[PDB]
Every structure is written in C-alpha cells, then in structure tokens.
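S.K.: Curious how this folds, go ahead:
(3 chains, ligands or ions: 11)
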Amino acid sequence: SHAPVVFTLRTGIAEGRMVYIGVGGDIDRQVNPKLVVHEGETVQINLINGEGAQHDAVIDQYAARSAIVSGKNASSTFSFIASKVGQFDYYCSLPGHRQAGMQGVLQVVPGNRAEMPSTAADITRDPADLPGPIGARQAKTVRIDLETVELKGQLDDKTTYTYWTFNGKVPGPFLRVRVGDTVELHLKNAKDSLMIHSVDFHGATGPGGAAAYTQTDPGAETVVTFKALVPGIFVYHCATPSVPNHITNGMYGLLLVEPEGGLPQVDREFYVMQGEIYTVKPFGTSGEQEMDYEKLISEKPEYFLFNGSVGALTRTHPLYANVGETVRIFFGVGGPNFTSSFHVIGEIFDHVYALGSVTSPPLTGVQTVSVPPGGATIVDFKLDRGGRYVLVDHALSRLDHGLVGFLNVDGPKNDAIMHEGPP
Amino acid sequence: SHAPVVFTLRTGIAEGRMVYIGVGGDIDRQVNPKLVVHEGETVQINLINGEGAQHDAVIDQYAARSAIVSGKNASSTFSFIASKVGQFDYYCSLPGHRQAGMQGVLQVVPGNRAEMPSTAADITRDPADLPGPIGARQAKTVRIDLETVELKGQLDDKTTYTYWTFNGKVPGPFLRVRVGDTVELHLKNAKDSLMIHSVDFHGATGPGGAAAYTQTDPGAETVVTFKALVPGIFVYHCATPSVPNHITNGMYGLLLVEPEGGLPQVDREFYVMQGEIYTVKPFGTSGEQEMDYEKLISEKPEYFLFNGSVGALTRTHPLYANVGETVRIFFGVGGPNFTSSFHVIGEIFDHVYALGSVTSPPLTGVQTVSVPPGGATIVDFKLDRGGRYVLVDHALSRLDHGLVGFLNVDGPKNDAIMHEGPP
Amino acid sequence: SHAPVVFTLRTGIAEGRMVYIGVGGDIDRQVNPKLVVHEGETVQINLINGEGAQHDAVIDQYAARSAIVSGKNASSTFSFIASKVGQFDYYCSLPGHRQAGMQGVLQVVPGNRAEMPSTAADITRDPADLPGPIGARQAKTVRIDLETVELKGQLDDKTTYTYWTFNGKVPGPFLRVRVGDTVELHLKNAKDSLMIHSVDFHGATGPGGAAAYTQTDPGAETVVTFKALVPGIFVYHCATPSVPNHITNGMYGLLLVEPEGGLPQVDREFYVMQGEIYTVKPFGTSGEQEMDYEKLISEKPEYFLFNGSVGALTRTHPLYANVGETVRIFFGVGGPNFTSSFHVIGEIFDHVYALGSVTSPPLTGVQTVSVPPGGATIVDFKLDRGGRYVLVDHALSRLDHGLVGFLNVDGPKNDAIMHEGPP
Ligand SMILES: O=N[O-]
Ligand SMILES: O=N[O-]
Ligand SMILES: [Cu+2]
Ligand SMILES: [Cu+2]
Ligand SMILES: [Cu+2]
Ligand SMILES: [Cu+2]
Ligand SMILES: [Cu+2]
Ligand SMILES: [Cu+2]
Ligand SMILES: [Cu+2]
Ligand SMILES: [Cu+2]
Ligand SMILES: [Cu+2]
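M.R.: Numbers count the residues shown, from 1 in each chain, chains lettered A, B, ... in the order given. Ligands and ions are numbered 1, 2, ... in the order given. The structure is reproduced below:
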C-alpha cells in the first residue's frame, strides 16, 4: 500500500515507569498506547529515542522490529502487513526494559477502517471538474465569473482550517479559452469576507496580470477586460497582500489558453494543483488548525497538498480511467514557496510541455518534471495496463505531510507488460 | 502597491497591561506602537498571538480587521490603502481586551514618504549598466580588468553590511565577448582587502574555471588568458574558500559569450542577478548587520536580493522602457543556495533560453522559469502596453525578505489589451 | 585546493579565561585547540562570536586574519595555504584579549595527511563501475539479480552509519538494457536484514513500477518480469515504507534503457548519484552516526553525498580521464528530498539530456542543470585540456556537508586554452 497507517513512539519516563509515549495523531501523549489497526492494513511504526538509553520495538507474531536506537533523537522506522486478527505485544528487547515498563498492545480488528464524519465544507476540487476541449471556433468575447469566498474546510479526517478560495474550492475554477479571445472577468467578493481579494492571471498582459483592476471590497464586484494574446497553461492567484498568505489559504487555479488547433486529442483530462499550508501545530493534529506567520515567511510548512486537503485524491475525489486511454494531467503549483518534482508511480510521461509551453515541441519519455511555484505543465501518457497509479512530489518526505494521490485503473494483476514469476 | 508598508504585532503582557508589542523595524519591542504611514500607501498588518488568549486587530474608519487568533503563534494578516489622513485606533474586539489595554494609533500623514539619507556606499548595479551588442566582427584578443573590493554598503533604508564585490557593485561588471575570443583577464585585489579574492568563469575551460590562476593576495594583481570556446550566458564568481561566503557577500556576475550571429536584435537589454544574505538579526533590523555562519551552511537566509540591496530595483535603480519595445533580461542566480522561480507580473516570456543555452531553440509562451544557483537564462517579451511590471521569485514568501523589482513603462491605465469596465 | 581542512572557533569563557572554543571535528569543546595541518593544505577557519565582546583571529606569519565580529553569532571566515612548516599563534588583536587568554597554536607538519584506517565496509560505488554500451542486437530477455543488504559503512574518515543497499554499495548496480528487452528481475533480501525491501523502476510500466511484485521478507526472494517500453535514464529505488527512510539509507540506482540506435559514441562513461543523510549529530562528528526522523520528515539533512560517503569521489574512488577524450556522466538524484544544481567546475556541458529524455534532442552549451529527486540526466563534454575538474551541487553551502567530487586529467598547467600571464 502507498497509504500505510502511521504511529510515532518516543521512549521516556512516565507513570513511574520506562515506557513508550505516543507522538501526534490519536495517540499523542498516551503512555504505551494501544495501536488500533484494521486487517490487511500496512503499519509503519517510527521509534524515536527520548531519554538516551538503548531501545527497540519488537512484535513477535509479525517477525517485525526496529533497529536499536542509542542516543537522544536516534530513530528507526519499520513496517509490516497486519494480516492476522487479535492482540499482539510490541516491546523493547533490551535487558530489563520490558520488565521495567516498555510494552504496549497492537490490536488488529476485522473489517475496513470507517471514515470520520466531516465537520466542515468539502473544499477539494474534483480532478475531473474542468471544462472539455473548445471546438474549432473563431476568437470571441467570453464572460467569466469568479467569487472570492472565506470558509472553514475539512483539511484532514479530524482537522479543519480557514481556507480562502475562488468559488469555495481548491484549486479554483479551471478556466478554458482560445488564443485571441477577449475575457470579460467579473470578480464578486462575498459579503461575509474579512479580507479584500483580487486575481493576477499569468495569461494576461498588463498591470498586476489584472490585480491592479480587481482589488475588491467584501460585498463589492470588480469588472476587467483583457485579451488572451498567448497560448499556454497559466496559474492564476489572488494578488491582495499578503499574497503568500492569500495563496497558502487556497486562492490558486489554472487558465488554459488553447492554441488555434487546440491541444492534441486525448481520451481523458484531469485538473491537479499542489500547495502548502503553514499551521501552528504539526501534521496530524486534530482540531481547528491555525496559520503560523513565522513558518510562512521562513518557508517551513506542515501540510503539502493536492487540491486542498489530506485524502483529496485518495479518499474523497480520486482519479479514474480505463486501460487503453490516453490521459492528460494539467498540473500547476500554487505553492506559495515549493517546487514540485511531479511523478506518477508505475507510469512514464509520453509528452511533457516543458515550463508549460504549449507552442514549443513537448519532451518525450520523461520520469519526473520540476514545476516551480507560479508555474504549470501538461503531461500525457497511454495506460497500457491496469493498476493504482500514484501521483507524488518525488521529494518523498512530503508523503508524510499529506502529498499523495491515486489514479485507479481496472485490469488484471498479471499480463505481458508486468507479471509475477519469470517470462 | 507591491511594496506595502509592513508592521508585525505580537500580543502580550507589558507595562502591567494586556497589549500589542512591536516586532522588528522601527517599532521593535515598543508597546501599543504608533504605526506611521503616508497617504496612498498600501499597509500590511501581521498579527501574531503571543500569550494565548483570543485576539484580533480592528481599524473602524477603514472597515479593516484581522481574523480572530486563538493559540500561541496563531496569526492573521490584513491590508488596506491608507486613503484617509489623520489618527485612527487599532484595537482588539474580544470582550474586555480594549479596556484591558489592547489599543494603539495608526497615523496617516499627508504627502509622500521622504527617502532616508544613506550611511554607506550604493553597491547596487544599475540593470541598464551593461555593454550593448558587439557588432558582427572577427574573433580577437579582448582585455578585461576586474578589481576585488571590500566596502560597507546600504543593504536597506537604515541598515548596512560589509559587501565583497567585483568593482564595488553587485552584481559585478557584465562581461560581453564573441565565441572564439581570447580573453586576457587582469584581477587586482585592492590594498585594503582582508581576504584573498579570485574568479571562476562558467564560460571558461581549464582548472577552477580560471580560479587556480587568479588566487590574488590583497594589494596584488594576477593575469590569466583563456579562450571562450562555447556560446552561453554564464555566471562568474569568486572561488576563494569559503566560496559560499565570498558569493553571499556579493562576488558574482554574468559573462555573455555571443554566438556567431549575435543574439536576436531587441530594443532594450537589462542585467539582473538574485542572491541571499545570511544575517545574525532578522530582515528589517536597522544598524550594522553581520554574517551568521550557522545560517549560511544550513541555508537559512534573512535577505533575498536583486542586484545587492533592498529597494535596489524599486527605489534606487529601477528598470525603464517604452510601450512597443521588445525587452531582453539577462537573469542569473549568484545564490549561493536558492533556485529562483523567475517571473515578471503582467508579462509573459515570448522566448526563454532553457538552462541558458544560446544555441538550442528557445521555449515559447512561458510564465515562470526555474534558474539554479550558478545558472542563468535569457527571457524576452514585447511591451504591448504601459504599466508597472514587477520582477519576483514566485516563491513569494521572498517578497517579505526584500525580493521585488519594478519595470516602469509609461502608458494609459485603460486600453484594448486590459481595461476597467466590460467591452 | 577545493577540499580545504576546516576549523570552527566560538569565542567564550572557559578555564577562568576569555578563549577560543573548538566546534565540531577533532576540536569539539577544546579550549584554544591546536589546529594540526599538513604542509601545502588550504586552511579555512570559521570564527563565531559566542559571548558578545568584539573578536578577531590573526596569524602573523601568514598575513591572514578574520574580520572583527561584534554581536553573539556574528561570524567571519578566512583561508590561506599552509606553505610554512612550524608553530604559529592564532590570537585576538582587540585590546587586552590576547593577554586575557585568546591565543592558540596552528601546527603545520611536513608531508601529506595519512588516511585514517576504516572501521566499517567501503559502501561507495566506483563511478567507473558500470557496464559499457550494449552492441546493436535484437531485443531479448535479460536476467538481473539484486540483493538488498543492511550493513555499517564508512560515512566519513572516523564516522560510520547503518546503510541499506542494493548489493552492498551506494548507488546500487548500474542496470543497462536495450529498448524492447524483457527484464527477468530476481530480488533476494539477505537473511540478516531487519526490514522488508523492494524496488520501483521509473523505466517500468505497471503497479509500483514493480514495487507491488517485489515486497521481499528477509531470507526470501521475489521474481518479476517487465518490458522496457521506453528509452531513458531512470532512477530505481526501494519502495517499502518508510520509502524516504529506505532511500536516504542508500537504496537508489540508475537504469539506462538504450534507444535502438544507442547513445552517441563517447570515449568514457561515469556513474554518479547524489543523496542526503539525516543524522542526530552534525556533519564532522566522529563515531556511530544514527538516523534523526524529525530531521528526515522536515527536510533538514547533515550530509549531502555523491556515491554514499564523504570523500567518495575525492579520496576513495575519484574519476580519471585523458586529455582529448569525450566523457559522458549519467547523473541521478536518489534524494530523497533535494534538487541538485549539477555543475563541473572548469568544464561546460556540450550536451544536456533535458529531464533525462533520450528521445528529444539534447540542449547545447549549458553550465549547470537542475535534477530533481527521483530524476536523472546525461551530460557529455570534450576534455580539451588537463586539470582537476570538480563535481558540485552549485547550492554551494553543500560543500560544507560532504558534496564534492574530482575528475583528474593529466596535462600541462599552461597551454593555449588557459595559461598564466598575457599572450
Ligand atoms: O517511484 N516514486 O516514488
Ligand atoms: O564553479 N562553481 O562552483
Ligand atoms: Cu528499551
Ligand atoms: Cu485573496
Ligand atoms: Cu504570480
Ligand atoms: Cu485581545
Ligand atoms: Cu572573494
Ligand atoms: Cu561556479
Ligand atoms: Cu577577542
Ligand atoms: Cu528497502
Ligand atoms: Cu520513484
């Protein structure tokens, strides 16, 4: 699995004993916590040395253990599949440590993990929620309506956040026009907004990429007109100070200006954007999460996200396709600060529109592409066979801050292209 | 304005009251500070929860307010245009907090902010200070003279730093030759230098890119000859240990090696380089700033700068051009550590010379290009209309460490490419 | 030299006197430590102000000195060539400070520094250790054997670390097949492994890029068959959770799928991968280094390495080539988290295979290329002349965490391409 269930234990002294102490999640600060797991789940346990004696963790029945960690902060992660139901001791095997208190239970329960009923609006943009290709057609005047909306959203299972959005979702509406078009932009800022909002389009030519004409008071509306002079895949974002603050809170999206021919036909298109959120409390903390200004200006986020939320493209709104389809992903980074090393595990990019150029010839046969903040690209590939394909930033520590996504494709396990055993 | 006046407030207990406390700038550690602002200026207020009670900041006559912030370190920023002259109360709206002492005054003064008289040397290279296109001509021997100079310089309004430079400015002189040219380089280390200085040209072939031949004692001169074998836009930099130290202090420049044809004809060329400075005290602290080794080797800078200084390309040496003109920016990253997401707000790159290749086809219709430390690129675009165009690193938290520049182009606010109402 | 001997001194109060205190390496916590150096070494001294009085460091016989550091954490670094054998005082020139105790000895000893005798296995891959170009030949079944081995490795001179590897070295085996080939992969997990291991190939099509078929218990074997459908230079890595943990401990390599025509003829090929290691104690600490989870998940490493170790490509297994040879470097980033700015000091890349595409035309005349984690590229250049050419990540603070390599080429100092003095 690429969604392991994760527990963090720090060694320490508590309740008059030498113990394991739970760190974050549902086990924060509990001593020798019960690790509750569902049958068939992959379990990851991170052991961190708290007080500076030698330690490990061992679960006899799964032939699983950490390495021995010796000094303060020394760490060892191990994993296994929870294949047998029942109750199992995790313990420290160092002389005396089990007797002295270093012992807890892993409970493997039958059936599938139930999802926590949500407490706030779903702010996640479905990756299929974009307009299809524009027909061949003359250049013309297009009216676009955006509303800036401030609202609490479901950031994770049991954690909320005050998002700022275009039309109550992250990313914002996928905008699709043809080069030469005249865009009539209307920006309504909701009555219940505390902040002024605006929009800079990277596909617009003139002051602030429209920001100078879109500074909108709450309950007010701006109207601006601009020509789409250049074909490309452009990120748009709020441009009201603090711009980094407006971007982290959710105010980014993509503007496709099709070239005259349109893009090469493909069977299926998807909308994906990466960003960071900068919270006071670390990744995995339950409750209302709040923004930490010191962490934002110092570029030290706690969440890395596809389309606004943890589980956005795994649990709530994943990608779906059929064997033999050509797939296109519009992938942009709102940021505000981090470059994505975009990759799909189990696939290779047939075409990569380098630096989001739609007019230059695409690069071919590419594993991984750098996309900067305030940049996008286009990738396509043919699905030659079935699987769960995984979208990642290949700076892979971002898996542990919520950045993973699923492309689900129905096919047999084994075939000519990849199979168990020899040829 | 894309240069808002920024104030940071931490809530706390001080002078026997529950108060706002100034953080950085002119208001550092003052309780309930007076925020002084000039008519028309954009004002940004950063509120940070200090002691852990619920707080906001409210200014009534501007219908401006932070969000409510609950736990320690929780934060909200808000902004507005200081369109109204006089004195206005900023205060906390939570039951009792204003009575308990959470109140200060915003003073809006008529007229424009006067410039601070400078303590130290202007070390900013004018972006228009470069030699123009070489004619067509035969390859030949070219003499180049560099001087390595240690001098105190104006990092910011009230703040100085010890710069290490090529010829007293940052970046160093723009060197321009043709492929085939034999370069006769004279490097003179000034008598009053403490340090050995040198140079490595990324456009030279041989040991240390000339560094092995140019290790120059203070008060001495070395001479080195090298052939420009490959066309490109190259960074040069000091190559005396510690090389990161000599770079952060400002010893970086660009060398253009023109291809046979020369580069395409353009109306106007500009010289811009990005670097970092690693100071003991945070961004905005007045006085002599000093270098912090721990922050240098761990890649934690306080300043992100175009051409040496805060306000380099906004206040003291901004960029000027006329509507209808095609513009080329030679953009390099001295670094020493951070990759730039280079972008011009309100413009699109007609051409981007990928990884600084002068011989491969440029990519077309690009919003944003990654440039690594020790790398450079060329961008160009036609100025279809007038406005303030803004050079940024689209890692936009670097806005709050000094990274912003202006390209000023005279023209009407409203026109066919972007305008106020509908069509 | 581009590998200086480095000493850090913090000023403070110890043993009843105002003194210098050693930081890190052989001098950690020693007062006025003896700085022992071999004749001809380049010496870098980092002064850090500890207690807040004014300090410098002066060595009279070498005309060498720091600048004056005033505030706590204020830093100045200086360098010189230890050209003179004997004992030289380093001392603070501020009034009284020398008399108050700020004085130590620099000892310069004749002859070269002996290498320290290792304690653990050599785990660095020789950059020359790769199979050469495959003939022209028909597509066929190729069998590959990989063994996952956990073992202590010589990380630095007197520091060790528990590495996880493919076949006992970092990077893993260079895999070379022809496009159209069928790969029969055998992965054996050694009996003495604590952990499950696996492999994902970025050049395989299907679930986990083979990870879904290769989750192998200790003392077990897995077998998977897959078709090489795309030509490219692909990273492969372990894909057992924690994937970031498995990668940082050393489980990455390169798979070249040759195109039918082969890569261009070249005189000499090399294998180089860049990674990070996240240790509890800082770079330079002797003894057993252990893994720091908190540093891994927050992207804050202590070691930046080519091919597994400090000195990997300078002392133990450097690169050798001859003047006039065309050279190819296959360069990959295992990571797990940092984008490399790959540069060879003294050279310029004739060709850069952008995003590791082997089917799109290579870019020409490039100084420096961004390679993401889980990305790879090919550079080639002609060696016109002799020198030590230096492999670096141009994020040059990484010089101070172990990231440097040597390409040694026998030839004269002075020729027509680069010489001392004028024409
Ligand atoms: O295979 N990439 O995580
Ligand atoms: O050439 N720079 O390391
Ligand atoms: Cu124990
Ligand atoms: Cu906004
Ligand atoms: Cu932008
Ligand atoms: Cu209050
Ligand atoms: Cu220098
Ligand atoms: Cu360099
Ligand atoms: Cu002193
Ligand atoms: Cu592994
Ligand atoms: Cu991968």
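S.K.: what residues are up against the one residue in the stretch 1-150 of chain A that gets nearest to chain B?
M.R.: Per C-beta to the nearest C-beta, residue A:141 is where the stretch 1-150 of chain A lies closest to chain B, at 5.7 Å. (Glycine included, C-beta is placed from N, CA and C.) The contact partners of residue A:141, taken as C-beta atoms under 8 Å, 6 or more residues apart in numbering or on different chains, are A:181, A:182, A:184, B:423.
S.K.: got the contact list for residue A:414?
M.R.: Applying C-beta under 8 Å, 6+ apart to residue A:414 gives the contacts residue A:420.
S.K.: Is it inside a helix or a strand, and which specific one?
M.R.: Using DSSP states H and E, residue A:414 maps to neither a helix nor a strand.
S.K.: do stretch A:105-115 and chain C meet?
M.R.: No - using C-beta under 8 Å from any C-beta of the partner chain, stretch A:105-115 stays clear of chain C, coming no nearer than 16.0 Å.
S.K.: Which residues does residue A:258 form beta bridges with?
M.R.: On the basis of DSSP bridges, residue A:258 is bridged to residue A:178.
S.K.: Please state the offset of stretch A:48-63 from the chain centre?
M.R.: 31 Å (C-alpha atoms, centre = their mean, to the nearest Å).
S.K.: For ligand 4, what is the nearest residue in chain A?
M.R.: Closest residue of chain A to ligand 4, C-beta to the ion: residue A:238 (3.0 Å).
S.K.: Enumerate the positions of the longest strand anywhere in chain A that are buried.
M.R.: When chain A is parsed with DSSP state E, its longest strand is strand A:141-156. Using 16 or more other C-beta atoms under 10 Å in any protein chain shown as the test for burial, strand A:141-156 gives A:142, A:144, A:146, A:147, A:148, A:149, A:150, A:151, A:153, A:154, A:155, A:156.
S.K.: Point me to the residue of chain A nearest ligand 1.
M.R.: Using C-beta to the nearest ligand atom, residue A:345 is the residue of chain A that sits closest to ligand 1, at 4.3 Å.
S.K.: Hmm, that residue is touching residue C:210, no?
M.R.: No - with contact defined as C-beta atoms under 8 Å, residue A:345 does not reach residue C:210; the gap is 10.3 Å.
S.K.: So for those two, which residues contact both of them?
M.R.: Common contact partners of residue A:345 and residue C:210 (C-beta under 8 Å, 6+ apart): residue C:200.
S.K.: Could you give the bridge partners of the residue of chain A found nearest ligand 10?
M.R.: The minimum distance from chain A to ligand 10, using C-beta to the ion, falls at residue A:79 (9.9 Å). Judged by DSSP bridges, the bridge partners of residue A:79 are residue A:44.
S.K.: So what's the residue count around it?
M.R.: A count of neighbours around residue A:79, defined by other C-beta atoms under 10 Å in any protein chain shown, yields 23.
S.K.: which residues touch residue A:61?
M.R.: Residue A:61 sits next to A:84, A:86, A:88 when contact means C-beta under 8 Å, 6+ apart.
S.K.: hmm, try it at 10 Å
M.R.: For residue A:61, the contact set (C-beta atoms under 10 Å, 6 or more residues apart in numbering or on different chains) comprises A:80, A:83, A:84, A:86, A:87, A:88, A:89, A:106, A:108.
S.K.: Kindly report the same for residue A:278.
M.R.: Residue A:278 touches A:244-245, A:248-249, A:289-303, A:336-337, B:75, B:397, counting by C-beta under 10 Å, 6+ apart.
S.K.: Over to residue A:413?
M.R.: A:385, A:386, A:387, A:419, A:420, C:206, C:207, C:212, C:213.
S.K.: So which of these sit within strands?
M.R.: Here DSSP E is the test, and the contacts of residue A:413 give A:387, A:419, A:420 as lying in strands.
S.K.: what's around the second one, how many residues?
M.R.: The criterion is other C-beta under 10 Å. On that basis, residue A:419 has 17 neighbouring residues.
S.K.: ditto for the last one
M.R.: The burial count assigned to residue A:420 is 12, neighbours taken as other C-beta under 10 Å.
S.K.: close to ligand 4, is stretch A:245-262?
M.R.: Yes - for stretch A:245-262, a contact with ligand 4 is found by C-beta under 5 Å from the ion, at A:246, A:251.
S.K.: In that stretch, which of the residues would be classed as buried?
M.R.: A:245-258.
S.K.: Buried subset of the contacts of residue A:413 as a ChimeraX selection?
M.R.: The buried residues among these can be selected in ChimeraX (16+ other C-beta under 10 Å) with this line:
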select /A:385,386,387,419 /C:206,207,212,213
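S.K.: Let me have the contacts of residue A:413 in CSV, adding distance to residue C:363 as columns.
M.R.: Listed next are the contacts of residue A:413 as CSV, based on distance: C-beta to C-beta, whole Å:
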residue, distance to residue C:363
A:385, 33
A:386, 36
A:387, 33
A:419, 38
A:420, 41
C:206, 31
C:207, 34
C:212, 35
C:213, 36
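S.K.: which non-adjacent residue is nearest the closest residue to ligand 3 within the stretch 301-423 of chain A?
M.R.: For the stretch 301-423 of chain A, the residue closest to ligand 3 is residue A:400, as judged by C-beta to the ion, at 24.5 Å. Closest residue in space to residue A:400, ignoring its immediate chain neighbours: residue C:297 at 4.9 Å, by C-beta to C-beta, 6 or more residues apart in numbering or on different chains.
S.K.: I'd say that neighbour and residue A:300 touch.
M.R.: No - the pair residue C:297 / residue A:300 is not scored as a contact, 11.9 Å apart, by C-beta atoms under 10 Å.
S.K.: Since that was my last question, I'll sign off now.
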